[PDB]
$ cat query-v3.txt   # compact mmCIF, C-alpha atoms
# COMPACT_ATOMS: atom_id res chain seq x y z
CA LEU A 273 7.21 -11.19 -25.76
CA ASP A 274 7.00 -8.48 -28.38
CA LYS A 275 4.39 -5.73 -28.34
CA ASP A 276 2.23 -7.41 -31.05
CA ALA A 277 1.86 -10.59 -28.97
CA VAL A 278 0.78 -8.53 -25.93
CA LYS A 279 -1.76 -6.68 -28.10
CA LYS A 280 -3.09 -10.02 -29.37
CA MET A 281 -3.28 -11.46 -25.81
CA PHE A 282 -5.33 -8.42 -24.75
CA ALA A 283 -7.61 -8.49 -27.84
CA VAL A 284 -8.50 -12.21 -27.61
CA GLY A 285 -8.79 -11.92 -23.80
CA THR A 286 -11.28 -9.01 -23.89
CA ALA A 287 -13.40 -10.23 -26.87
CA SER A 288 -16.44 -10.94 -24.64
CA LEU A 289 -16.73 -7.18 -23.87
CA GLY A 290 -17.32 -6.29 -27.54
CA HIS A 291 -15.41 -3.50 -29.30
CA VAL A 292 -12.27 -2.88 -27.23
CA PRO A 293 -9.91 -0.62 -29.19
CA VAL A 294 -6.24 -0.86 -28.20
CA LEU A 295 -4.68 2.58 -28.57
CA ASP A 296 -1.12 1.60 -27.57
CA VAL A 297 1.17 -1.07 -26.17
CA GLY A 298 4.27 0.20 -24.40
CA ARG A 299 7.22 -1.33 -22.57
CA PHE A 300 9.06 0.25 -19.64
CA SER A 301 12.61 0.99 -20.76
CA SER A 302 14.94 2.70 -18.29
CA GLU A 303 17.91 2.08 -16.02
CA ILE A 304 15.59 1.52 -13.05
CA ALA A 305 13.38 -0.92 -15.00
CA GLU A 306 16.55 -2.85 -15.97
CA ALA A 307 17.73 -2.94 -12.34
CA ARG A 308 14.23 -4.03 -11.27
CA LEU A 309 14.24 -6.80 -13.91
CA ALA A 310 17.63 -8.00 -12.67
CA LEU A 311 16.19 -8.14 -9.12
CA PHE A 312 13.15 -10.11 -10.33
CA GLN A 313 15.40 -12.53 -12.29
CA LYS A 314 17.42 -13.22 -9.13
CA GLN A 315 14.21 -14.05 -7.27
CA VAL A 316 13.38 -16.40 -10.20
CA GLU A 317 16.69 -18.23 -9.61
CA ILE A 318 16.02 -18.42 -5.85
CA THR A 319 12.44 -19.72 -6.21
CA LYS A 320 13.59 -22.24 -8.87
CA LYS A 321 16.34 -23.57 -6.57
CA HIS A 322 13.90 -23.71 -3.63
CA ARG A 323 10.90 -25.39 -5.38
CA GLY A 324 12.33 -26.93 -8.57
CA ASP A 325 10.23 -24.55 -10.72
CA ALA A 326 9.82 -20.74 -10.46
CA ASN A 327 6.49 -21.03 -12.33
CA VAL A 328 6.66 -17.60 -13.91
CA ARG A 329 3.35 -16.47 -15.43
CA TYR A 330 2.02 -13.44 -17.23
CA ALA A 331 -0.82 -11.64 -15.46
CA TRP A 332 -2.78 -8.41 -15.85
CA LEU A 333 -2.75 -5.64 -13.25
CA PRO A 334 -5.38 -2.87 -13.44
CA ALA A 335 -3.72 0.54 -13.26
CA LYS A 336 -4.38 4.23 -13.87
CA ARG A 337 -2.44 7.03 -15.59
CA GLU A 338 -1.44 8.62 -12.24
CA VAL A 339 0.51 5.59 -10.82
CA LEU A 340 2.54 4.69 -13.98
CA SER A 341 5.28 7.26 -13.33
CA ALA A 342 5.86 5.97 -9.77
CA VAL A 343 5.70 2.17 -10.34
CA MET A 344 9.35 1.35 -11.19
CA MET A 345 11.36 3.36 -8.63
CA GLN A 346 9.27 3.08 -5.44
CA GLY A 347 7.57 -0.29 -6.15
CA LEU A 348 4.04 -1.71 -6.28
CA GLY A 349 3.35 -0.39 -2.76
CA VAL A 350 2.27 3.05 -3.97
CA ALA A 353 -2.67 1.92 -4.12
CA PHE A 354 -2.35 -1.57 -5.73
CA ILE A 355 -3.18 -3.44 -2.50
CA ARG A 356 -6.75 -4.73 -2.33
CA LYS A 357 -8.95 -6.64 0.11
CA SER A 358 -11.05 -9.38 -1.63
CA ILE A 359 -12.83 -12.59 -0.61
CA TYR A 360 -9.50 -14.42 -1.05
CA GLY A 361 -7.48 -12.14 1.28
CA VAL A 362 -5.20 -9.10 1.13
CA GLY A 363 -2.34 -8.69 -1.36
CA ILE A 364 -1.93 -7.61 -4.98
CA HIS A 365 -4.74 -9.11 -7.10
CA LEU A 366 -3.89 -9.89 -10.72
CA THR A 367 -5.89 -11.42 -13.50
CA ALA A 368 -4.65 -14.51 -15.37
CA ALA A 369 -3.18 -14.04 -18.88
CA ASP A 370 -6.28 -15.22 -20.81
CA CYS A 371 -8.82 -13.37 -18.57
CA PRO A 372 -8.31 -9.61 -18.88
CA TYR A 373 -12.12 -9.24 -19.53
CA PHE A 374 -12.49 -9.92 -15.80
CA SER A 375 -10.78 -6.70 -14.62
CA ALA A 376 -10.88 -4.38 -17.68
CA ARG A 377 -13.77 -2.34 -16.22
CA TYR A 378 -11.81 -1.87 -12.98
CA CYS A 379 -9.18 0.17 -14.90
CA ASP A 380 -9.95 3.85 -14.16
CA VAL A 381 -10.81 6.14 -17.07
CA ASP A 382 -8.58 9.25 -17.34
CA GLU A 383 -9.66 12.67 -18.64
CA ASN A 384 -9.75 11.40 -22.30
CA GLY A 385 -11.67 8.12 -21.76
CA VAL A 386 -8.48 6.02 -21.87
CA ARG A 387 -7.85 3.06 -19.56
CA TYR A 388 -4.58 1.38 -18.57
CA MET A 389 -3.76 -2.25 -17.83
CA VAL A 390 -0.24 -3.48 -16.99
CA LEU A 391 1.06 -6.88 -18.14
CA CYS A 392 3.32 -8.35 -15.43
CA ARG A 393 5.63 -11.31 -15.00
CA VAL A 394 4.65 -13.01 -11.75
CA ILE A 395 6.63 -15.65 -9.87
CA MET A 396 3.81 -17.88 -8.70
CA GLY A 397 6.08 -20.72 -7.48
CA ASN A 398 4.18 -23.46 -5.65
CA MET A 399 0.65 -22.18 -6.02
CA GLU A 400 -1.76 -22.32 -3.07
CA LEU A 401 -5.38 -23.06 -4.02
CA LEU A 402 -7.18 -20.42 -1.95
CA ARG A 403 -9.92 -21.57 0.41
CA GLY A 404 -11.73 -18.18 0.69
CA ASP A 405 -10.25 -16.84 3.96
CA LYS A 406 -11.05 -13.06 4.07
CA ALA A 407 -8.30 -12.50 6.68
CA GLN A 408 -5.38 -14.20 4.82
CA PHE A 409 -2.42 -11.86 4.14
CA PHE A 410 0.32 -14.47 3.72
CA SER A 411 1.07 -17.99 2.50
CA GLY A 412 -1.10 -20.69 4.09
CA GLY A 413 2.14 -22.68 4.53
CA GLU A 414 5.92 -22.77 3.99
CA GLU A 415 5.40 -25.17 1.04
CA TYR A 416 3.39 -22.48 -0.88
CA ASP A 417 4.45 -19.16 -2.46
CA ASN A 418 1.53 -17.11 -3.94
CA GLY A 419 -2.23 -17.86 -4.18
CA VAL A 420 -4.70 -18.81 -6.94
CA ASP A 421 -8.51 -19.26 -7.16
CA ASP A 422 -8.57 -22.31 -9.50
CA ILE A 423 -5.57 -24.56 -10.29
CA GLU A 424 -6.76 -25.80 -13.71
CA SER A 425 -8.29 -22.61 -15.19
CA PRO A 426 -6.84 -19.72 -13.12
CA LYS A 427 -8.72 -16.43 -13.16
CA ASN A 428 -7.14 -14.56 -10.23
CA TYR A 429 -3.70 -14.59 -8.64
CA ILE A 430 -3.01 -13.14 -5.19
CA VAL A 431 0.58 -12.09 -4.53
CA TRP A 432 1.11 -11.53 -0.77
CA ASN A 433 2.34 -8.11 0.42
CA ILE A 434 5.73 -9.51 1.46
CA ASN A 435 6.29 -10.72 -2.13
CA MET A 436 5.04 -7.68 -4.07
CA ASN A 437 8.47 -6.23 -4.87
CA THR A 438 10.31 -9.54 -5.42
CA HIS A 439 7.68 -11.60 -7.28
CA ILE A 440 6.11 -9.06 -9.75
CA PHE A 441 7.78 -7.33 -12.69
CA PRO A 442 5.53 -4.78 -14.49
CA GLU A 443 6.59 -4.97 -18.10
CA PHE A 444 3.99 -3.67 -20.55
CA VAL A 445 1.27 -1.00 -20.49
CA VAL A 446 -1.81 -1.46 -22.69
CA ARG A 447 -3.87 1.67 -23.36
CA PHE A 448 -7.48 0.99 -24.32
CA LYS A 449 -11.17 2.05 -24.29
CA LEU A 450 -14.56 0.44 -23.52
CA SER A 451 -18.20 1.41 -24.35
CA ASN A 452 -21.14 2.44 -22.03
$ encode --input "query-v3.txt" --output "structure tokens"
Amino acid sequence: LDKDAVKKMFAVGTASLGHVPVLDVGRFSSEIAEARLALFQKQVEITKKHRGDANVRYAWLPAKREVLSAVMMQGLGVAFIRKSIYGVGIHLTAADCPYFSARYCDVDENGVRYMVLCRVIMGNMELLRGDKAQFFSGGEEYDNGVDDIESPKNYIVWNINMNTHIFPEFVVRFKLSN
């Protein structure tokens, strides 16, 4: 996608919160990001061959200014791992639902918030049954987890998959009211 489409995705997806000014949309562009994209695209090939369909989706990851620098070289295991009602992994918000996690993006010293748009290899999606103690796939037939099959709001990528199945691509800088 281009930066305008990402901006539009974020604007339509946060409309319910009122005035949400988008200050900037950026894309990670470096030798490490390229190598990390190549790694991700090989996992896409593998998951496609294994399941028939890689089922790559866009999803939103709440971030903060302080972790952006680190994210490409050392991975998502900086600090992005959360425990929810659905289990433990990386929790991302579906493409049309950034309103859901916008407030969970930490404000920096200037009032600015940061949300990352990621490509996620969801593969064969497991409908999650609400197990607090789940930290991996409920079975060999499933890859990553989702809360609702028809209208997804939350994806759970298991810890084992965090570096293979998520490519952080775009950073959206924004503000909210009080």
$ atom_distance --input "query-v3.txt" --atom1 "atom CA of residue A:448" --atom2 "atom CA of residue A:428"
21.0 Å
$ closest_residue --input "query-v3.txt" --among "A:357, A:329, A:365, A:279" --to "residue A:441" --atoms "all atoms listed in the file"
A:329
$ closest_atom_pairs --input "query-v3.txt" --of "stretch 320-364 of chain A" --to "stretch 370-391 of chain A" --cutoff "9 Å" --atoms "all atoms listed in the file" --output "JSON lines"
{"residue": "A:330", "atom": "CA", "partner": "A:391", "partner_atom": "CA", "distance": 6.7}
{"residue": "A:331", "atom": "CA", "partner": "A:391", "partner_atom": "CA", "distance": 5.8}
{"residue": "A:332", "atom": "CA", "partner": "A:391", "partner_atom": "CA", "distance": 4.7}
{"residue": "A:333", "atom": "CA", "partner": "A:390", "partner_atom": "CA", "distance": 5.0}
{"residue": "A:334", "atom": "CA", "partner": "A:389", "partner_atom": "CA", "distance": 4.7}
{"residue": "A:335", "atom": "CA", "partner": "A:389", "partner_atom": "CA", "distance": 5.4}
{"residue": "A:336", "atom": "CA", "partner": "A:388", "partner_atom": "CA", "distance": 5.5}
{"residue": "A:337", "atom": "CA", "partner": "A:388", "partner_atom": "CA", "distance": 6.7}
{"residue": "A:338", "atom": "CA", "partner": "A:382", "partner_atom": "CA", "distance": 8.8}
$ atom_distance --input "query-v3.txt" --atom1 "atom CA of residue A:307" --atom2 "atom CA of residue A:432"
22.0 Å
$ atom_distance --input "query-v3.txt" --atom1 "atom CA of residue A:404" --atom2 "atom CA of residue A:368"
17.9 Å
$ axis_aligned_box --input "query-v3.txt" --around "stretch 277-284 of chain A" --padding-each-side "3 Å" --output "JSON"
{"center_x": -3.3, "center_y": -9.4, "center_z": -27.1, "size_x": 16.4, "size_y": 11.5, "size_z": 10.6}
$ residues_around --input "query-v3.txt" --residues "residue A:302" --least-positions-apart "2" --cutoff "12 Å" --atoms "only C-alpha atoms" --output "PDB file with C-alpha atoms, in the coordinates of the input"
ATOM      1  CA  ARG A 299       7.220  -1.330 -22.570  1.00  0.00           C
ATOM      2  CA  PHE A 300       9.060   0.250 -19.640  1.00  0.00           C
ATOM      3  CA  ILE A 304      15.590   1.520 -13.050  1.00  0.00           C
ATOM      4  CA  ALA A 305      13.380  -0.920 -15.000  1.00  0.00           C
ATOM      5  CA  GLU A 306      16.550  -2.850 -15.970  1.00  0.00           C
ATOM      6  CA  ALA A 307      17.730  -2.940 -12.340  1.00  0.00           C
ATOM      7  CA  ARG A 308      14.230  -4.030 -11.270  1.00  0.00           C
ATOM      8  CA  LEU A 309      14.240  -6.800 -13.910  1.00  0.00           C
ATOM      9  CA  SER A 341       5.280   7.260 -13.330  1.00  0.00           C
ATOM     10  CA  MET A 344       9.350   1.350 -11.190  1.00  0.00           C
ATOM     11  CA  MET A 345      11.360   3.360  -8.630  1.00  0.00           C
ATOM     12  CA  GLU A 443       6.590  -4.970 -18.100  1.00  0.00           C
TER      13      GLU A 443
END
$ residues_around --input "query-v3.txt" --residues "residue A:436" --least-positions-apart "4" --cutoff "9 Å" --atoms "only C-alpha atoms" --output "list in words"
residues 347, 348, 349, 363, 364, 431, 432 and 440 of chain A
$ residues_around --input "query-v3.txt" --residues "residue A:291" --least-positions-apart "5" --cutoff "10 Å" --atoms "all atoms listed in the file" --output "PyMOL selection string"
chain A and resi 283+286+449-451
$ residues_around --input "query-v3.txt" --residues "residue A:339" --least-positions-apart "4" --cutoff "9 Å" --atoms "all atoms listed in the file" --output "list in words"
residues 335, 343, 350 and 353 of chain A
$ closest_residue --input "query-v3.txt" --among "A:328, A:446, A:434, A:420" --to "residue A:394" --atoms "all atoms listed in the file"
A:328
$ residues_around --input "query-v3.txt" --residues "residue A:359" --least-positions-apart "5" --cutoff "10 Å" --atoms "only C-alpha atoms" --output "list in words"
residues 402, 403, 404, 405, 406, 407 and 408 of chain A
$ build_atoms --input "query-v3.txt" --residues "stretch 291-306 of chain A" --atoms "N, CA, C and O atoms" --output "PDB file, keeping the file's coordinate frame"
ATOM      1  N   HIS A 291     -16.432  -4.311 -28.658  1.00  0.00           N
ATOM      2  CA  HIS A 291     -15.410  -3.500 -29.300  1.00  0.00           C
ATOM      3  C   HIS A 291     -14.489  -2.888 -28.244  1.00  0.00           C
ATOM      4  O   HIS A 291     -14.917  -2.015 -27.495  1.00  0.00           O
ATOM      5  N   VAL A 292     -13.246  -3.359 -28.196  1.00  0.00           N
ATOM      6  CA  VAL A 292     -12.270  -2.880 -27.230  1.00  0.00           C
ATOM      7  C   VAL A 292     -11.032  -2.379 -27.966  1.00  0.00           C
ATOM      8  O   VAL A 292     -10.071  -3.111 -28.132  1.00  0.00           O
ATOM      9  N   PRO A 293     -11.056  -1.114 -28.416  1.00  0.00           N
ATOM     10  CA  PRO A 293      -9.910  -0.620 -29.190  1.00  0.00           C
ATOM     11  C   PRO A 293      -8.656  -0.469 -28.324  1.00  0.00           C
ATOM     12  O   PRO A 293      -8.727   0.074 -27.223  1.00  0.00           O
ATOM     13  N   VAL A 294      -7.545  -0.995 -28.828  1.00  0.00           N
ATOM     14  CA  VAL A 294      -6.240  -0.860 -28.200  1.00  0.00           C
ATOM     15  C   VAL A 294      -5.547   0.329 -28.851  1.00  0.00           C
ATOM     16  O   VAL A 294      -5.179   0.268 -30.024  1.00  0.00           O
ATOM     17  N   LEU A 295      -5.352   1.387 -28.079  1.00  0.00           N
ATOM     18  CA  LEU A 295      -4.680   2.580 -28.570  1.00  0.00           C
ATOM     19  C   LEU A 295      -3.152   2.426 -28.629  1.00  0.00           C
ATOM     20  O   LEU A 295      -2.519   2.970 -29.528  1.00  0.00           O
ATOM     21  N   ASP A 296      -2.567   1.693 -27.686  1.00  0.00           N
ATOM     22  CA  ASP A 296      -1.120   1.600 -27.570  1.00  0.00           C
ATOM     23  C   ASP A 296      -0.669   0.451 -26.697  1.00  0.00           C
ATOM     24  O   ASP A 296      -1.371   0.054 -25.778  1.00  0.00           O
ATOM     25  N   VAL A 297       0.499  -0.099 -27.016  1.00  0.00           N
ATOM     26  CA  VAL A 297       1.170  -1.070 -26.170  1.00  0.00           C
ATOM     27  C   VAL A 297       2.582  -0.541 -25.989  1.00  0.00           C
ATOM     28  O   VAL A 297       3.308  -0.346 -26.976  1.00  0.00           O
ATOM     29  N   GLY A 298       2.960  -0.321 -24.729  1.00  0.00           N
ATOM     30  CA  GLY A 298       4.270   0.200 -24.400  1.00  0.00           C
ATOM     31  C   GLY A 298       5.015  -0.743 -23.521  1.00  0.00           C
ATOM     32  O   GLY A 298       4.428  -1.571 -22.880  1.00  0.00           O
ATOM     33  N   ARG A 299       6.324  -0.540 -23.438  1.00  0.00           N
ATOM     34  CA  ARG A 299       7.220  -1.330 -22.570  1.00  0.00           C
ATOM     35  C   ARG A 299       8.109  -0.389 -21.795  1.00  0.00           C
ATOM     36  O   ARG A 299       8.605   0.527 -22.391  1.00  0.00           O
ATOM     37  N   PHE A 300       8.217  -0.580 -20.476  1.00  0.00           N
ATOM     38  CA  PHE A 300       9.060   0.250 -19.640  1.00  0.00           C
ATOM     39  C   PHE A 300      10.532   0.043 -19.944  1.00  0.00           C
ATOM     40  O   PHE A 300      10.966  -1.083 -19.934  1.00  0.00           O
ATOM     41  N   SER A 301      11.251   1.100 -20.285  1.00  0.00           N
ATOM     42  CA  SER A 301      12.610   0.990 -20.760  1.00  0.00           C
ATOM     43  C   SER A 301      13.385   2.103 -20.090  1.00  0.00           C
ATOM     44  O   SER A 301      13.320   3.255 -20.499  1.00  0.00           O
ATOM     45  N   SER A 302      14.135   1.767 -19.059  1.00  0.00           N
ATOM     46  CA  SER A 302      14.940   2.700 -18.290  1.00  0.00           C
ATOM     47  C   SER A 302      15.965   1.963 -17.453  1.00  0.00           C
ATOM     48  O   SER A 302      15.892   0.752 -17.326  1.00  0.00           O
ATOM     49  N   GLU A 303      16.892   2.695 -16.854  1.00  0.00           N
ATOM     50  CA  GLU A 303      17.910   2.080 -16.020  1.00  0.00           C
ATOM     51  C   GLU A 303      17.313   1.433 -14.769  1.00  0.00           C
ATOM     52  O   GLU A 303      17.781   0.379 -14.333  1.00  0.00           O
ATOM     53  N   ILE A 304      16.268   2.054 -14.215  1.00  0.00           N
ATOM     54  CA  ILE A 304      15.590   1.520 -13.050  1.00  0.00           C
ATOM     55  C   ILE A 304      14.806   0.260 -13.399  1.00  0.00           C
ATOM     56  O   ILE A 304      14.859  -0.713 -12.657  1.00  0.00           O
ATOM     57  N   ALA A 305      14.087   0.278 -14.523  1.00  0.00           N
ATOM     58  CA  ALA A 305      13.380  -0.920 -15.000  1.00  0.00           C
ATOM     59  C   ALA A 305      14.339  -2.084 -15.229  1.00  0.00           C
ATOM     60  O   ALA A 305      14.035  -3.191 -14.877  1.00  0.00           O
ATOM     61  N   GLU A 306      15.497  -1.823 -15.800  1.00  0.00           N
ATOM     62  CA  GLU A 306      16.550  -2.850 -15.970  1.00  0.00           C
ATOM     63  C   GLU A 306      17.047  -3.395 -14.630  1.00  0.00           C
ATOM     64  O   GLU A 306      17.165  -4.617 -14.481  1.00  0.00           O
TER      65      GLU A 306
END
